[PDB]
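We begin with a single chain expressed as structure tokens, specifically the form solved without the DNA.
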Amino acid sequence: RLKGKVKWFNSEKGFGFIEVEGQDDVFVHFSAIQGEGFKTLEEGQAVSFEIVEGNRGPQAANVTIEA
């Protein structure tokens, strides 16, 4: 499980990027957001997640918020 910081998020649309020191930025869709309530993110927020890669490339998965 990786940790990182929400680079930026479009709370209307559902996407944004997660930045991690070491790797490139990871795309995060709202659907990746675990937890309760309305799935969204804000910049600076610390997250833990994994990277799932299909035929469309990597993307965040299993995003839990907090740190």
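Residues carry their position along the shown sequence, with the first being 1.
One more form of this protein exists, namely the form deposited with the DNA bound; it is left out here, but the text below deals with it.
Partner-contacting position among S48, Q59, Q45, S11 - heavy atom within 4.5 Å of the DNA in the entry with it bound | Answer to the contact question: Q59.
For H29, is any heavy atom within 4.5 Å of the DNA in the entry with it bound, or not?
-> Contact with the DNA, yes.
Distance check, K7 to the DNA in the entry with it bound, heavy atom within 4.5 Å = Taking the distances in the entry with it bound, the answer for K7 is yes, it comes within 4.5 Å of the DNA.
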